[PDB]
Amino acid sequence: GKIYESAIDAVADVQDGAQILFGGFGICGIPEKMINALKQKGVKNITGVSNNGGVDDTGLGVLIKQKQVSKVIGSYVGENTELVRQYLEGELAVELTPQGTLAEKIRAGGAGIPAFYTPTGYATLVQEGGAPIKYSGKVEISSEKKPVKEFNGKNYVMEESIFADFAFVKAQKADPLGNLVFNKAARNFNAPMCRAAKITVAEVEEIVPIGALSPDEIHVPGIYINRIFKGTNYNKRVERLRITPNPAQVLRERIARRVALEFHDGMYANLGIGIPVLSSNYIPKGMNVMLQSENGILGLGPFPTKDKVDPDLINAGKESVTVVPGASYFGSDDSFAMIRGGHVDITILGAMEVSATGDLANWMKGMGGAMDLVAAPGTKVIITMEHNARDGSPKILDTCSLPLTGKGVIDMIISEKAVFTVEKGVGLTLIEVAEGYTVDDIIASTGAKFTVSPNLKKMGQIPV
């Protein structure tokens, strides 16, 4: 470690063309003060490794606004329109990477592991290449094909590590040796990022004396960190405020009241935003379901009351959230290990399209968590979606028209009309139908052929 009274001194040796890691998930745990220091310095032609692009003119967005970034490696850049604007106009390269692969690429880079194998991305544009990175139409740079290799009968994509010139990272406290401690879900990518650069800069809200961070409570050992800055007027906001009639409601609730039935005591689940989250609200009183969030939380609770809103505590959809007793916080690399390693029992997500053989498409915006979640071994994948697209317009097809998130990946599809089970790679089976619908309406709103279960029934609904 070493303490700097001035941020601009801290970035003084940052060269044009530098690869720079930036911590943060959304606007949570972002290195605000060092980003302004870099803005003030006017360094150009940065490859910014960041999970997101902040939003317009916040986080990494501050630097994109000033055209200081020539490429972005990340997983989801939707929320920054200026960034998309530059991508399309051909002013800016964008390499999208599944969020868990991004985390491991960084963790591996800092651990001196130049490449590794992951199941995430297999049979998708990630493995196949061809996705557009840079326009000048014309597509000037598109993604290279990746080597694949099979272990224990499953297929994996080879991925190369990331190790940057600088890492700009945010935390809660430092001691002058550089030992760091993070607060809540603001950890996210800062955890792995601070280990994967030649020079690491940590901004923090408090500097404590040597000793004050006990040895069994330190999250990042000081050896990983070169420079330390204490910022003091942090503009911490929540991006999607959430605090604790009607037919489209009641459809969403039916769907949720159906997935709720898939919960059992002791279960670990990941719920995507929208419908999957809604289903947490219907977990029977006594039953213990620990909900995992890919931004680095185990034990997600309901939205906070007005007085408990914390910008350092959000879910994967950037909503202010709480945690239940027994919650734990961890880094983005640890979060996706949990997942890629198969430790999460069940995953519930939305989709744009779904196929007869279990295919999922819902990133072509960006892919983020979805690819990793559905690629995970021994993990039940349930899709929750509106059966049709408004003009509906089937969403359940024979083959997807869109780029895949995963191939032969889904286990169960639950719409407001119907419940299917999937024999991955083979086909659908209608097993339940909501009251008031008939199998003829389902045949008519479904592009995919399917076999109707002998002994189908009415769609179940959890109590209360």
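Counting begins at 1, following the sequence as shown.
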Length class of the unmodelled deposited segment, which would lie between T244 and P245: 10 or more
Unresolved deposited residues in the interval that joins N281 and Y282: none
Residue range whose averaged C-alpha B-factor is higher in the record, 306 to 314 or 170 to 178: 306 to 314
50 to 58 or 427 to 435, whichever carries the higher mean Cα B-factor: 50 to 58
Largest Cα B-factor, entry values, listed residues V208, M364, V201, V344: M364
Highest-ranked of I382, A389, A269, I339 once sorted by CA temperature factor in the record: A389
Cα B factor band for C400 (lowest, middle or highest third within the chain): highest
Assigned third (lowest, middle, highest) for the C-alpha B factor of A37: lowest
CA B-factor ranking of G222, expressed as a third of its chain: lowest
Position of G299 among the chain's modelled residues by C-alpha B-factor, lowest, middle or highest third: lowest
Entry-reported Cα temperature factor of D216, expressed as the chain third it lands in: middle
